[PDB]
file upload13.txt (compact mmCIF, C-alpha atoms)
# COMPACT_ATOMS: atom_id res chain seq x y z
CA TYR R 1 -27.62 -21.62 -12.59
CA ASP R 2 -27.63 -24.83 -10.57
CA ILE R 3 -24.94 -27.49 -10.96
CA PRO R 4 -22.14 -25.18 -12.19
CA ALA R 5 -19.51 -27.95 -12.20
CA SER R 6 -17.25 -25.59 -10.23
CA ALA R 7 -16.89 -25.66 -6.46
CA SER R 8 -15.93 -21.98 -6.19
CA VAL R 9 -18.97 -20.63 -8.04
CA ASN R 10 -21.11 -23.24 -6.30
CA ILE R 11 -19.97 -21.84 -2.95
CA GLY R 12 -20.61 -18.31 -4.20
CA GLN R 13 -24.17 -19.15 -5.23
CA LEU R 14 -24.74 -21.06 -1.99
CA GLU R 15 -23.63 -18.14 0.18
CA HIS R 16 -25.70 -15.78 -1.97
CA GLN R 17 -28.73 -17.95 -1.21
CA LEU R 18 -27.68 -17.94 2.44
CA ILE R 19 -27.70 -14.14 2.51
CA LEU R 20 -31.03 -14.02 0.67
CA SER R 21 -32.55 -16.60 3.01
CA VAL R 22 -34.70 -15.69 5.99
CA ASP R 23 -35.83 -19.07 7.38
CA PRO R 24 -33.57 -20.16 10.27
CA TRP R 25 -33.88 -23.81 9.26
CA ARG R 26 -32.90 -23.14 5.64
CA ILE R 27 -30.03 -20.96 6.84
CA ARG R 28 -28.89 -23.85 9.04
CA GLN R 29 -29.08 -26.29 6.12
CA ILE R 30 -27.14 -24.00 3.78
CA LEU R 31 -24.47 -23.22 6.37
CA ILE R 32 -23.99 -26.84 7.42
CA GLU R 33 -23.72 -27.85 3.76
CA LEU R 34 -21.10 -25.13 3.27
CA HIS R 35 -19.13 -26.30 6.31
CA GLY R 36 -19.32 -29.89 5.08
CA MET R 37 -18.16 -29.20 1.52
CA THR R 38 -15.49 -26.69 2.65
CA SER R 39 -12.72 -26.78 5.24
CA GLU R 40 -13.21 -25.71 8.87
CA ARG R 41 -13.17 -22.04 7.83
CA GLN R 42 -15.44 -19.52 9.51
CA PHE R 43 -18.17 -18.36 7.12
CA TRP R 44 -19.86 -15.64 9.18
CA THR R 45 -17.49 -13.26 7.36
CA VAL R 46 -19.34 -13.62 4.07
CA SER R 47 -21.55 -10.48 4.14
CA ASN R 48 -19.76 -7.52 5.70
CA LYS R 49 -23.12 -5.74 5.99
CA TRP R 50 -23.97 -8.13 8.83
CA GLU R 51 -23.37 -6.46 12.20
CA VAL R 52 -22.99 -7.75 15.75
CA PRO R 53 -22.66 -5.62 18.91
CA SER R 54 -19.10 -5.65 20.21
CA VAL R 55 -20.41 -6.38 23.71
CA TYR R 56 -21.90 -9.71 22.61
CA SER R 57 -19.36 -10.47 19.86
CA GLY R 58 -16.92 -12.10 22.28
CA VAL R 59 -19.55 -14.44 23.69
CA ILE R 60 -21.13 -15.21 20.31
CA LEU R 61 -17.78 -16.08 18.71
CA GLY R 62 -16.43 -17.77 21.85
CA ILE R 63 -17.74 -21.18 20.79
CA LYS R 64 -15.37 -24.02 19.94
CA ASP R 65 -17.46 -25.39 17.06
CA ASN R 66 -17.15 -23.30 13.90
CA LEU R 67 -20.49 -24.60 12.65
CA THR R 68 -22.45 -23.68 15.77
CA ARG R 69 -20.77 -20.30 16.23
CA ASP R 70 -21.41 -19.37 12.60
CA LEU R 71 -25.05 -20.51 12.80
CA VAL R 72 -25.74 -18.52 15.97
CA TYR R 73 -23.84 -15.48 14.65
CA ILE R 74 -25.76 -15.38 11.37
CA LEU R 75 -29.09 -16.06 13.09
CA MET R 76 -28.70 -13.25 15.62
CA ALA R 77 -27.32 -10.79 13.05
CA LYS R 78 -30.11 -11.44 10.55
CA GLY R 79 -32.78 -11.25 13.25
CA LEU R 80 -31.37 -7.99 14.59
CA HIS R 81 -31.42 -6.56 11.07
CA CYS R 82 -35.03 -7.69 10.72
CA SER R 83 -35.88 -6.03 14.04
CA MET C 1 40.75 5.61 -19.63
CA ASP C 2 37.36 3.91 -19.61
CA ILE C 3 38.18 2.12 -16.35
CA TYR C 4 39.25 5.40 -14.74
CA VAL C 5 36.08 7.13 -15.95
CA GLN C 6 33.91 4.33 -14.56
CA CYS C 7 35.75 4.42 -11.23
CA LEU C 8 35.31 8.19 -11.00
CA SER C 9 31.61 7.88 -11.81
CA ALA C 10 31.14 5.19 -9.16
CA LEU C 11 33.03 7.27 -6.58
CA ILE C 12 30.89 10.32 -7.36
CA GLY C 13 27.71 8.25 -7.11
CA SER C 14 28.67 6.71 -3.77
CA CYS C 15 30.29 9.74 -2.13
CA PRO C 16 28.90 13.05 -3.46
CA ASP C 17 32.29 14.58 -4.30
CA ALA C 18 33.24 17.13 -6.96
CA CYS C 19 36.51 15.37 -7.85
CA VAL C 20 34.75 13.70 -10.81
CA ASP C 21 33.26 16.84 -12.39
CA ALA C 22 36.28 17.58 -14.59
CA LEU C 23 36.74 13.88 -15.31
CA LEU C 24 33.10 13.61 -16.42
CA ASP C 25 33.46 16.70 -18.61
CA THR C 26 36.58 15.26 -20.24
CA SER C 27 34.90 11.89 -20.76
CA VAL C 28 31.88 13.57 -22.37
CA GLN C 29 34.17 15.59 -24.64
CA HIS C 30 36.09 12.46 -25.65
CA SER C 31 32.87 10.53 -26.34
CA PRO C 32 31.55 13.27 -28.67
CA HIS C 33 34.93 13.29 -30.43
CA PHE C 34 34.84 9.50 -30.83
CA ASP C 35 31.24 9.60 -32.10
CA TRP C 36 30.99 5.91 -31.21
CA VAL C 37 27.45 4.91 -30.29
CA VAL C 38 28.63 1.44 -29.27
CA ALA C 39 31.39 2.94 -27.12
CA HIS C 40 28.96 5.31 -25.40
CA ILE C 41 26.46 2.50 -24.79
CA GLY C 42 29.19 0.32 -23.30
CA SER C 43 30.40 3.15 -21.08
CA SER C 44 26.85 3.76 -19.84
CA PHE C 45 26.36 0.04 -19.18
CA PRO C 46 29.55 -0.22 -17.07
CA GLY C 47 28.40 2.75 -14.99
CA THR C 48 25.01 1.15 -14.28
CA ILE C 49 25.84 -2.55 -13.90
CA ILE C 50 27.76 -1.94 -10.66
CA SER C 51 28.01 1.87 -10.28
CA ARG C 52 24.22 2.27 -10.00
CA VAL C 53 23.39 -0.29 -7.27
CA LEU C 54 25.72 1.20 -4.63
CA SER C 55 24.30 4.70 -4.13
CA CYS C 56 22.38 7.31 -6.10
CA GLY C 57 24.44 9.91 -7.94
CA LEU C 58 23.84 13.22 -9.68
CA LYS C 59 26.96 14.14 -11.66
CA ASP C 60 27.56 10.50 -12.62
CA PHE C 61 23.89 10.12 -13.57
CA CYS C 62 24.08 13.24 -15.75
CA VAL C 63 27.26 11.99 -17.43
CA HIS C 64 25.68 8.60 -18.11
CA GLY C 65 22.56 10.26 -19.51
CA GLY C 66 24.66 12.43 -21.81
CA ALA C 67 26.61 9.40 -23.01
CA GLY C 68 23.38 7.52 -23.68
CA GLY C 69 21.96 10.48 -25.58
CA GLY C 70 25.10 10.67 -27.68
CA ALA C 71 24.83 6.95 -28.39
CA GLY C 72 21.17 7.25 -29.37
CA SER C 73 21.62 10.36 -31.51
CA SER C 74 22.58 8.14 -34.45
CA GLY C 75 20.51 5.15 -35.57
CA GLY C 76 22.47 2.50 -33.72
CA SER C 77 19.91 -0.29 -34.01
CA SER C 78 22.50 -2.92 -33.10
CA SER C 79 23.80 -0.82 -30.19
CA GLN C 80 20.26 -0.35 -28.86
CA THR C 81 19.59 -4.09 -29.17
CA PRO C 82 22.85 -5.04 -27.39
CA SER C 83 22.26 -2.24 -24.88
CA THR C 84 18.76 -3.54 -24.14
CA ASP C 85 20.17 -7.07 -23.85
CA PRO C 86 22.88 -5.96 -21.37
CA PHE C 87 20.22 -4.26 -19.25
CA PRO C 88 18.02 -7.40 -19.04
CA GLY C 89 21.13 -9.49 -18.37
CA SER C 90 22.13 -7.22 -15.49
CA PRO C 91 18.78 -6.27 -13.89
CA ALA C 92 20.49 -5.18 -10.67
CA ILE C 93 19.05 -2.38 -8.52
CA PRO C 94 18.50 0.65 -10.79
CA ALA C 95 18.46 -1.27 -14.06
CA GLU C 96 15.16 0.38 -14.97
CA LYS C 97 16.33 3.70 -13.51
CA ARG C 98 19.20 3.51 -16.03
CA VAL C 99 17.56 2.00 -19.14
CA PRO C 100 14.43 4.18 -18.78
CA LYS C 101 16.50 7.30 -18.03
CA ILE C 102 16.82 7.99 -21.78
CA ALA C 103 13.38 9.64 -21.87
CA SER C 104 13.51 9.72 -25.68
CA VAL C 105 10.61 8.78 -27.95
CA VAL C 106 12.57 6.39 -30.17
CA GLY C 107 14.45 4.88 -27.24
CA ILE C 108 11.22 4.38 -25.30
CA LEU C 109 9.57 2.72 -28.31
CA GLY C 110 12.52 0.39 -28.79
CA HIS C 111 12.61 -0.46 -25.08
CA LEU C 112 8.88 -1.19 -25.14
CA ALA C 113 9.27 -3.49 -28.15
CA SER C 114 12.18 -5.30 -26.49
CA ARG C 115 10.22 -5.67 -23.24
CA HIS C 116 7.23 -7.06 -25.14
CA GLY C 117 9.46 -9.59 -26.88
CA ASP C 118 11.08 -10.57 -23.59
CA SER C 119 7.67 -10.98 -21.95
CA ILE C 120 6.46 -13.14 -24.84
CA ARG C 121 9.56 -15.32 -24.55
CA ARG C 122 9.10 -15.56 -20.78
CA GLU C 123 5.46 -16.60 -21.16
CA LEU C 124 6.42 -19.22 -23.75
CA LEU C 125 9.20 -20.62 -21.56
CA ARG C 126 7.11 -20.52 -18.36
CA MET C 127 10.31 -19.50 -16.55
CA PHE C 128 10.20 -17.59 -13.27
CA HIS C 129 13.29 -15.51 -14.07
CA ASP C 130 12.02 -14.64 -17.55
CA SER C 131 8.63 -13.69 -16.11
CA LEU C 132 10.33 -11.47 -13.53
CA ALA C 133 12.38 -9.77 -16.25
CA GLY C 134 9.26 -9.20 -18.33
CA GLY C 135 7.43 -7.76 -15.34
CA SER C 136 10.34 -5.45 -14.58
CA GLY C 137 10.33 -4.25 -18.19
CA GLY C 138 6.59 -3.67 -18.06
CA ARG C 139 6.90 -1.71 -14.83
CA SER C 140 9.69 0.40 -16.33
CA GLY C 141 7.51 1.13 -19.35
CA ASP C 142 4.60 2.03 -17.08
CA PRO C 143 6.63 4.65 -15.16
CA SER C 144 7.32 6.33 -18.53
CA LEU C 145 3.60 6.83 -19.12
CA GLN C 146 4.20 8.80 -22.31
CA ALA C 147 2.75 6.62 -25.09
CA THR C 148 1.93 2.93 -24.59
CA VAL C 149 -1.33 2.72 -26.57
CA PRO C 150 0.47 2.08 -29.91
CA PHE C 151 2.58 -0.69 -28.37
CA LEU C 152 -0.47 -2.29 -26.76
CA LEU C 153 -2.37 -2.10 -30.06
CA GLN C 154 0.53 -3.69 -31.94
CA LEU C 155 0.78 -6.48 -29.36
CA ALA C 156 -2.97 -7.12 -29.54
CA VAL C 157 -2.90 -7.20 -33.35
CA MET C 158 0.03 -9.63 -33.31
CA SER C 159 -1.62 -11.92 -30.75
CA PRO C 160 -4.94 -12.38 -32.64
CA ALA C 161 -3.11 -13.17 -35.89
CA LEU C 162 -1.73 -16.48 -34.60
CA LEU C 163 -3.58 -19.45 -33.11
CA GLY C 164 -0.80 -21.44 -31.47
CA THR C 165 1.17 -18.60 -29.90
CA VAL C 166 -2.00 -16.48 -29.73
CA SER C 167 -2.96 -18.08 -26.42
CA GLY C 168 0.51 -17.45 -25.00
CA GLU C 169 0.52 -13.83 -26.16
CA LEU C 170 -2.94 -13.28 -24.66
CA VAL C 171 -1.86 -14.84 -21.36
CA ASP C 172 1.26 -12.67 -21.25
CA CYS C 173 -0.74 -9.52 -22.03
CA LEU C 174 -3.30 -10.37 -19.34
CA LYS C 175 -0.54 -10.97 -16.79
CA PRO C 176 1.17 -7.63 -17.53
CA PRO C 177 -2.28 -6.00 -17.43
CA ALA C 178 -2.93 -7.29 -13.91
CA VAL C 179 0.07 -5.25 -12.71
CA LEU C 180 -0.43 -2.29 -15.08
CA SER C 181 -4.06 -1.83 -13.93
CA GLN C 182 -5.29 -1.94 -17.55
CA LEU C 183 -4.58 1.70 -18.33
CA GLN C 184 -5.87 1.35 -21.91
CA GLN C 185 -9.06 -0.46 -20.92
CA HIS C 186 -11.16 1.61 -23.33
CA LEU C 187 -8.72 0.93 -26.17
CA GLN C 188 -8.73 -2.79 -25.39
CA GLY C 189 -12.52 -2.88 -25.40
CA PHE C 190 -12.89 -0.89 -28.61
CA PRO C 191 -10.50 -2.83 -30.90
CA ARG C 192 -12.39 -6.15 -30.79
CA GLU C 193 -15.35 -5.11 -32.92
CA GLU C 194 -16.29 -8.06 -35.16
CA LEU C 195 -13.26 -10.05 -36.38
CA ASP C 196 -10.90 -9.89 -33.39
CA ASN C 197 -13.43 -11.89 -31.38
CA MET C 198 -13.60 -14.61 -34.03
CA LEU C 199 -9.81 -14.75 -34.35
CA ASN C 200 -9.39 -14.98 -30.57
CA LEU C 201 -12.03 -17.72 -30.36
CA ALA C 202 -10.24 -19.70 -33.08
CA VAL C 203 -6.90 -19.24 -31.31
CA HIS C 204 -8.32 -20.29 -27.93
CA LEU C 205 -9.96 -23.35 -29.50
CA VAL C 206 -6.41 -24.74 -29.49
CA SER C 207 -6.07 -23.85 -25.79
CA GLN C 208 -6.67 -26.25 -22.89
CA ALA C 209 -7.82 -26.17 -19.26
CA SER C 210 -4.87 -23.85 -18.63
CA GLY C 211 -6.37 -21.55 -21.25
CA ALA C 212 -9.71 -21.71 -19.45
CA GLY C 213 -8.08 -20.80 -16.14
CA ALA C 214 -6.22 -17.92 -17.78
CA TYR C 215 -9.50 -16.73 -19.29
CA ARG C 216 -11.18 -16.85 -15.88
CA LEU C 217 -8.33 -14.87 -14.31
CA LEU C 218 -8.49 -12.32 -17.13
CA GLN C 219 -12.25 -12.00 -16.63
CA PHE C 220 -11.70 -11.35 -12.92
CA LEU C 221 -9.05 -8.73 -13.72
CA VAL C 222 -11.34 -7.04 -16.26
CA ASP C 223 -14.17 -6.98 -13.72
CA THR C 224 -11.69 -5.31 -11.37
CA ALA C 225 -10.94 -2.84 -14.16
CA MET C 226 -12.61 -0.60 -16.75
CA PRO C 227 -12.76 2.64 -14.72
CA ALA C 228 -12.66 5.12 -17.61
CA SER C 229 -15.52 3.58 -19.64
CA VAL C 230 -17.15 0.64 -17.87
CA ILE C 231 -20.60 1.18 -19.40
CA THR C 232 -19.28 0.73 -22.94
CA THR C 233 -17.50 -2.51 -22.04
CA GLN C 234 -20.54 -3.84 -20.18
CA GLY C 235 -22.80 -3.06 -23.13
CA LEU C 236 -20.40 -4.68 -25.58
CA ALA C 237 -20.26 -7.82 -23.43
CA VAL C 238 -24.02 -8.02 -22.86
CA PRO C 239 -24.90 -7.50 -26.56
CA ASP C 240 -22.62 -10.41 -27.50
CA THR C 241 -23.92 -12.66 -24.68
CA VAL C 242 -27.65 -12.10 -24.09
CA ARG C 243 -28.51 -10.49 -27.44
CA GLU C 244 -26.65 -13.34 -29.20
CA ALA C 245 -24.79 -10.76 -31.30
CA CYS C 246 -21.50 -12.69 -31.13
CA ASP C 247 -20.04 -13.90 -34.42
CA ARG C 248 -19.51 -17.32 -32.81
CA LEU C 249 -21.79 -19.40 -30.59
CA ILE C 250 -18.71 -20.44 -28.60
CA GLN C 251 -17.90 -16.74 -28.23
CA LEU C 252 -21.41 -16.01 -26.95
CA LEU C 253 -21.24 -18.88 -24.46
CA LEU C 254 -17.84 -17.66 -23.27
CA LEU C 255 -19.24 -14.14 -22.86
CA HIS C 256 -22.14 -15.44 -20.78
CA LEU C 257 -19.78 -17.51 -18.63
CA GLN C 258 -17.49 -14.51 -18.16
CA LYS C 259 -20.44 -12.35 -17.13
CA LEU C 260 -21.54 -14.94 -14.57
CA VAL C 261 -17.99 -15.32 -13.25
CA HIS C 262 -17.52 -11.56 -12.94
CA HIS C 263 -20.84 -11.28 -11.10
CA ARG C 264 -19.78 -14.03 -8.69
CA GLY C 265 -16.40 -12.39 -8.12
CA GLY C 266 -17.97 -9.01 -7.43
CA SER C 267 -20.40 -10.64 -5.02
CA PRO C 268 -17.46 -12.28 -3.20
CA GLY C 269 -15.54 -9.02 -2.98
CA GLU C 270 -18.78 -7.17 -2.30
CA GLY C 271 -20.01 -9.15 0.69
CA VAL C 272 -17.35 -11.59 1.90
CA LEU C 273 -14.67 -8.91 1.75
CA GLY C 274 -14.80 -8.57 5.53
CA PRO C 275 -16.66 -6.46 8.07
CA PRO C 276 -13.56 -5.32 9.97
CA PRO C 277 -11.40 -3.95 7.14
CA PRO C 278 -12.45 -1.07 4.88
CA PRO C 279 -14.07 -1.93 1.54
CA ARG C 280 -12.10 -2.62 -1.61
CA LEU C 281 -12.76 -0.04 -4.32
CA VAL C 282 -14.11 -1.45 -7.59

call {"tool": "encode", "arguments": {"input": "upload13.txt", "output": "structure tokens"}}
result
Amino acid sequence: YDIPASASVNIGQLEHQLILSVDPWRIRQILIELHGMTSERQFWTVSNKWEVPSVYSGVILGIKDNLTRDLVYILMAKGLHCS
Amino acid sequence: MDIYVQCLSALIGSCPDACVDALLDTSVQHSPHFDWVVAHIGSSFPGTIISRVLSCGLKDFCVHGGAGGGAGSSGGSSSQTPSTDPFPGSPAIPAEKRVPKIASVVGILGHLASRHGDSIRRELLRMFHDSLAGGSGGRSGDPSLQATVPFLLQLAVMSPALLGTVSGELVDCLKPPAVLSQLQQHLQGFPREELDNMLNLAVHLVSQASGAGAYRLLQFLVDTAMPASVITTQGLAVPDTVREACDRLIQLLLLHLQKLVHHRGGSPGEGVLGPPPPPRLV
């Protein structure tokens, strides 16, 4: 339920919606909101099912900005799963 | 005499020598002749306070076990109480290896009761040392996995009776459960049929935000528990939450909140556990 009055469960619901989401724009909005209301902690490690080839993992995670690297990581992983 | 016996026992324990075999036999013979439970308990305590943290022993351990058995043969309620107190006072190295070495039904029951009392006192005092002593006692009881269901049932019955100390007793039980892995999960689920829930709700009504946090932690632990019969616990929780079968509306709301919290926690452990490391078994 929305507005849980608890940041932890709010983050849990938000990342659940992130996993469920398929629109890149909505994924971006959810992830940027998460980054804003949390610390500078990487959030691509929120659904272990997500996979990324080891060849491209170095380049994809070799971005200074946590927000941008997480966005690109999630986008490519979700799109590869869809493919 | 006692000092010499203790020195011989310590020497045997440290260096595995046979020079203390005859001394141990003579000490055992003298102790049976004395028939002094207090004397035997004191002799065992001296051999474990400092003669048990140096090195493991076999002949000395057997002599100490025989002395403890002689002490416990009689009633000796006071001796057992002082003996349990000396063990908690000197929890050095093999304190549990000595206190739990009795392996007797009555001794184990008394030790469990003393450990429960110590844990309750530690929870009330909110003292780190007391909490550590209570945890050590709980771990010692767990290694002697002979019969803990009666003690757990007695503790649960005592906790629901009160309302002021009920919250503290529940918090202490939940904390020991987090380390004991909730062995009697089925027993814990079964006892709270109709009136235990109401009593616990009344007791927790006097709790505070600390009580709410303790309840959330206990819900997380329970979600990471209930291996033997998880379906029964899940059905009991759902009937009292969605079916509105709870005796109290506050109880039903708490059940719904606990279900949501457990679902969120499982989802965190389920997905955000990490892709690199292996999964955590639920």

call {"tool": "closest_atom_pairs", "arguments": {"input": "upload13.txt", "of": "segment 194-265 of chain C", "to": "segment 167-187 of chain C", "cutoff": "9 Å", "atoms": "all atoms listed in the file", "output": "Markdown table"}}
result
| residue | atom | partner | partner_atom | distance |
| --- | --- | --- | --- | --- |
| C:200 | CA | C:167 | CA | 8.3 |
| C:203 | CA | C:167 | CA | 6.4 |
| C:204 | CA | C:167 | CA | 6.0 |
| C:206 | CA | C:167 | CA | 8.1 |
| C:207 | CA | C:167 | CA | 6.6 |
| C:211 | CA | C:167 | CA | 7.1 |
| C:214 | CA | C:171 | CA | 6.4 |
| C:215 | CA | C:171 | CA | 8.1 |
| C:217 | CA | C:174 | CA | 8.4 |
| C:218 | CA | C:174 | CA | 6.0 |
| C:221 | CA | C:178 | CA | 6.3 |
| C:222 | CA | C:182 | CA | 8.0 |
| C:224 | CA | C:181 | CA | 8.8 |
| C:225 | CA | C:182 | CA | 6.7 |
| C:226 | CA | C:185 | CA | 5.5 |
| C:227 | CA | C:185 | CA | 7.9 |
| C:228 | CA | C:186 | CA | 6.9 |
| C:229 | CA | C:186 | CA | 6.0 |
| C:230 | CA | C:186 | CA | 8.2 |
| C:232 | CA | C:186 | CA | 8.2 |
| C:233 | CA | C:186 | CA | 7.7 |

call {"tool": "interface_residues", "arguments": {"input": "upload13.txt", "of": "chain C", "to": "chain R", "cutoff": "7 Å", "atoms": "only C-alpha atoms", "output": "number ranges by chain"}}
result
C: 264, 268, 271-275

call {"tool": "closest_residue", "arguments": {"input": "upload13.txt", "among": "R:55, R:77, R:7, R:67", "to": "residue 31 of chain R", "atoms": "only C-alpha atoms"}}
result
R:67

call {"tool": "closest_residue", "arguments": {"input": "upload13.txt", "among": "C:42, C:107, C:278, C:117", "to": "residue 82 of chain C", "atoms": "all atoms listed in the file"}}
result
C:42

call {"tool": "closest_residue", "arguments": {"input": "upload13.txt", "among": "R:75, R:80, R:60, R:52", "to": "residue 27 of chain R", "atoms": "all atoms listed in the file"}}
result
R:75

call {"tool": "atom_distance", "arguments": {"input": "upload13.txt", "atom1": "atom CA of residue 55 of chain C", "atom2": "atom CA of residue 12 of chain C"}}
result
9.2 Å

call {"tool": "atom_distance", "arguments": {"input": "upload13.txt", "atom1": "atom CA of residue 262 of chain C", "atom2": "atom CA of residue 220 of chain C"}}
result
5.8 Å
